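Enquirer: Dumping the structure here so I can ask a few things about it.
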Amino acid sequence: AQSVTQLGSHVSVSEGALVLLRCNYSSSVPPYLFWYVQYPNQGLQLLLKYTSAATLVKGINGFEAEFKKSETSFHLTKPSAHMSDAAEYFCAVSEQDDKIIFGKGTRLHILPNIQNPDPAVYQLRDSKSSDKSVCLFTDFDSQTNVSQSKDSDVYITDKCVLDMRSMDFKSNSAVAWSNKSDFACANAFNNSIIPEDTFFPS
Amino acid sequence: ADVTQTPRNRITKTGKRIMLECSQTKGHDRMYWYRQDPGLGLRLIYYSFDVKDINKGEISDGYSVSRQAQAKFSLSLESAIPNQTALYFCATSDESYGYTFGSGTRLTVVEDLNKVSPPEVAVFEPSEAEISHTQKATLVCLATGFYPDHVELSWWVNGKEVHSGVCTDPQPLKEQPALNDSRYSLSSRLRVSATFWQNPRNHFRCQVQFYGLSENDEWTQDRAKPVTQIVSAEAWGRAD
């Protein structure tokens with residue numbers, strides 16, 4: 001039962017919105033189908049599987065998938081995206097009566113609902129010497145994305161979402177740094193489209 | 001079974017013969033070796049239905065296997081090359097696709113062990129302007145100058161490992177992207193209330209577990225031998 005296709009290596013969903021991760025298969029005879037999840041740093045965990053019993057299969061945590069042979073699909077859904085759903089998901093199929101073959105995987109990114117954005121660029125100092133520092137772009141919403149650096153002596157990370165449980169509060173950030181004496185936090189993110197109201201403390 | 005794999009982490013030079021081992025306790029006829037690479041999923045290398053049976057999967061070139069017992073299925077890299085750097089997963093199946101995976105072997109193949117290097121780690125303390133504007137405080141950890149890209153970063157507050165308020169980059173960046181053997185760097189943030197940062201009793205540590213050379217490996221340089229090790233950096237809260 002030859003292939004299984006997942007569409008998009010990286011996909012986004014709004015926090016609180018319907019999760020939907022697509023999988024299709026090619027196999028004339030209906031195959032068994034599997035959805036695995038892999039949280040970072042970890043192994044694979046089976047969420048649910050279609051084994052020719054219920055076509056609507058329920059799994060742990062509100063995950064479900066419907067097998068639909070008429071459009072050779074087995075799309076995974078969950079009714080509401082939580083930050084803890086950030087992971088890579090793999091659809092898989094039985095093949096040649098002897099093995100499971102894996103789709104390429106899709107990573108789910110959950111965009112936090114940021115009701116009061118407070119974009120800002122801050123400067124942080126090494127705890128052991130005033131002279132080394134980094135720049136932190138933080139507290140922008142989902143409409144901002146950070147661009148890779150212009151200049152090969154300036155390093156800029158991808159945006160990252162942290163979830164402070166103590167305050168039920170999530171925020172985006174990216175980090176930039178350079179060893180050049182030319183380097184200023186005011187200019188660090190000049191290759192990014194930032195909010196017009198980004199705070200730049202003196 | 002309890003499916004168990006060894007080793008859990010390994011770094012090797014190119015051109016060496018390397019052995020991975022899977023053992024199970026349930027005695028399932030079917031065992032499998034896969035590798036996992038970003039964007040490619042899990043690809044089958046070889047599998048076996050009994051001691052007398054070996055079948056190729058999609059990427060069997062460069063590898064061999066032996067099914068020495070009902071319980072054991074060995075994978076070999078015959079002569080390791082860098083593109084065999086990957087996460088490797090053993091699995092067993094019952095007769096109804098009930099798979100059990102082992103927890104993984106992270107393997108890195110490097111051309112030249114002379115280029116191995118542990119990270120330098122620094123913690124950057126929260127901005128006062130952040131503290132004033134938001135009443136929150138974001139620490140930033142930076143690990144730089146390490147090779148290969150085979151580390152684990154964690155945060156420790158008053159001696160315990162914390163997960164809340166942490167975001168670590170998923171992938172390190174290349175310090176010299178033009179070079180095949182560029183050193184790497186990685187960043188992480190830990191955000192706390194200003195209140196908690198402001199207390200001089202609280203201690204914050206960024207810990208990086210680095211995987212490199214073992215006690216066995218030859219080392220000819222004057223600089224420190226770059227053995228598997230932990231490198232931390234730290235900061236204490238402060239009122240001002």
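Residues are referred to by chain and number: the chain letter is A, B, ... according to the order shown in the structure tokens, the number counts from 1 in that chain, and ligands are numbered separately from 1 in the order shown.
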Can you build me a table of segment 106-181 of chain B residues sitting at most 8 Å from segment 61-82 of chain B, with the closest atom pair per residue and its distance in Å to one decimal, using only C-alpha atoms, sorted by chain and residue number, as a Markdown table?
Expert:
```
| residue | atom | partner | partner_atom | distance |
| --- | --- | --- | --- | --- |
| B:108 | CA | B:82 | CA | 7.5 |
| B:109 | CA | B:82 | CA | 4.8 |
| B:110 | CA | B:82 | CA | 5.8 |
| B:111 | CA | B:82 | CA | 6.9 |
```
Enquirer: Find the residues of chain B in contact range of chain A, meaning any atom within 6 Å when counting only C-alpha atoms, and list them as a count of residues only.
Expert: 14
Enquirer: Near residue 63 of chain A, within 7 Å and counting only C-alpha atoms, which residues show up once chain neighbours fewer than 5 positions away are dropped, as a PyMOL selection string?
Expert: chain A and resi 58+76-78
Enquirer: Would you mind writing down, as a PyMOL selection string, each residue of chain A that DSSP on the backbone assigns to helix (DSSP H, G or I)?
Expert: chain A and resi 60-62+69-71+83-85+165-167+185-188
Enquirer: How would the residues just picked look written out with N, CA, C and O atoms as a CSV table (one decimal), in the first residue's frame?
Expert:
```csv
chain,number,residue,atom,x,y,z
A,60,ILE,N,-6.2,10.3,22.2
A,60,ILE,CA,-6.0,11.0,23.4
A,60,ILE,C,-6.1,12.5,23.2
A,60,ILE,O,-5.7,13.0,22.1
A,61,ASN,N,-6.7,13.3,24.1
A,61,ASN,CA,-6.7,14.8,24.2
A,61,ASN,C,-7.5,15.5,23.2
A,61,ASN,O,-7.3,16.6,22.8
A,62,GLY,N,-8.6,14.8,22.7
A,62,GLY,CA,-9.5,15.4,21.9
A,62,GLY,C,-9.1,15.3,20.4
A,62,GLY,O,-9.8,15.7,19.6
A,69,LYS,N,-12.3,6.9,2.5
A,69,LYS,CA,-11.6,6.3,1.4
A,69,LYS,C,-12.0,7.0,0.1
A,69,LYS,O,-11.2,7.1,-0.8
A,70,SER,N,-13.2,7.5,0.0
A,70,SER,CA,-13.6,8.2,-1.3
A,70,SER,C,-12.7,9.4,-1.6
A,70,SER,O,-12.6,9.9,-2.8
A,71,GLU,N,-12.0,10.0,-0.7
A,71,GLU,CA,-11.0,11.0,-1.0
A,71,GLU,C,-9.6,10.7,-0.4
A,71,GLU,O,-8.9,11.5,-0.1
A,83,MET,N,-1.0,25.8,23.3
A,83,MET,CA,0.4,25.9,23.1
A,83,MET,C,1.1,24.6,23.3
A,83,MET,O,2.1,24.4,22.6
A,84,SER,N,0.6,23.7,24.2
A,84,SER,CA,1.3,22.4,24.3
A,84,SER,C,1.1,21.5,23.1
A,84,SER,O,1.7,20.4,23.1
A,85,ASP,N,0.3,21.9,22.1
A,85,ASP,CA,0.2,21.1,20.9
A,85,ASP,C,1.4,21.3,19.9
A,85,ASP,O,1.4,20.6,18.9
A,165,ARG,N,4.0,30.2,32.9
A,165,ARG,CA,2.9,29.7,33.6
A,165,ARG,C,2.6,30.5,34.9
A,165,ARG,O,1.4,30.6,35.3
A,166,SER,N,3.6,31.0,35.5
A,166,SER,CA,3.3,31.8,36.8
A,166,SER,C,2.3,32.9,36.6
A,166,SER,O,1.6,33.2,37.5
A,167,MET,N,2.3,33.5,35.4
A,167,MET,CA,1.4,34.6,35.1
A,167,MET,C,0.4,34.3,33.9
A,167,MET,O,-0.2,35.2,33.4
A,185,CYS,N,21.8,48.1,19.3
A,185,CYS,CA,20.4,47.5,19.4
A,185,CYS,C,19.4,48.3,18.6
A,185,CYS,O,18.5,47.7,18.0
A,186,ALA,N,19.6,49.6,18.5
A,186,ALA,CA,18.7,50.4,17.7
A,186,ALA,C,18.7,49.9,16.2
A,186,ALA,O,17.6,50.1,15.5
A,187,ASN,N,19.8,49.4,15.7
A,187,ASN,CA,19.9,48.9,14.3
A,187,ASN,C,19.8,47.4,14.1
A,187,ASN,O,19.7,47.0,13.0
A,188,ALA,N,19.7,46.6,15.2
A,188,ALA,CA,19.9,45.2,15.1
A,188,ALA,C,18.9,44.5,14.2
A,188,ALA,O,19.2,43.6,13.4
```
Enquirer: Here is a test: counting only C-alpha atoms, which residue of B:107, B:90, B:140, B:233 is nearest to residue 23 of chain B?
Expert: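 Under the stated criterion, the closest residue is B:90.
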Enquirer: DSSP says strand (DSSP E) for which residues of chain A? Put them as number ranges by chain?
Expert: A: 3-6, 10-14, 19-21, 23-26, 33-38, 45-50, 56-58, 64-68, 73-78, 87-95, 99-102, 106-111, 120-126, 133-138, 154-156, 160-164, 169-178
Enquirer: Near segment 216-232 of chain B, within 6 Å and counting only C-alpha atoms, which residues show up once chain neighbours fewer than 2 positions away are dropped, as a list in words?
Expert: residues 117, 118, 206, 207, 208, 209, 210, 211, 212, 213 and 214 of chain B
Enquirer: Considering only C-alpha atoms, can you say which of A:87, A:194, A:23, A:1 comes closest to residue 68 of chain A?
Expert: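 Residue with the minimum atom-to-atom distance to residue 68 of chain A: A:23.
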Enquirer: For residue 190 of chain A, which residue among A:50, A:36, A:137, A:67 is the nearest when counting only C-alpha atoms?
Expert: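 The shortest atom-to-atom distance to residue 190 of chain A comes from A:137.
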Enquirer: Determine, counting only C-alpha atoms, which protein, DNA and RNA residues have an atom within 6 Å of an atom of residue 59 of chain A; residues of the same chain fewer than 2 positions away are not included. Present the result as number ranges by chain.
Expert: A: 47-48, 63-64
Enquirer: Next, the residues of the selection above should be written as a PDB file, in the first residue's frame with C-alpha atoms.
Expert:
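Saved the output as result-v9.pdb:
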```pdb
ATOM      1  CA  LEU A  47      -2.091   9.378  18.974  1.00  0.00           C
ATOM      2  CA  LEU A  48      -4.562   7.266  17.108  1.00  0.00           C
ATOM      3  CA  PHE A  63      -7.639  14.282  18.806  1.00  0.00           C
ATOM      4  CA  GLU A  64      -9.729  12.527  16.236  1.00  0.00           C
TER       5      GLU A  64
END
```
Enquirer: Between A:5, A:181, A:27, A:12, which has the minimum distance to residue 131 of chain A (counting only C-alpha atoms)?
Expert: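 Answer, going by the shortest atom-to-atom distance: A:181.
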Enquirer: Give me, please, the distance in Å between atom CA of residue 113 of chain B and atom CA of residue 37 of chain B, quoted to one decimal.
Expert: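 These atoms are spaced 22.7 Å apart.
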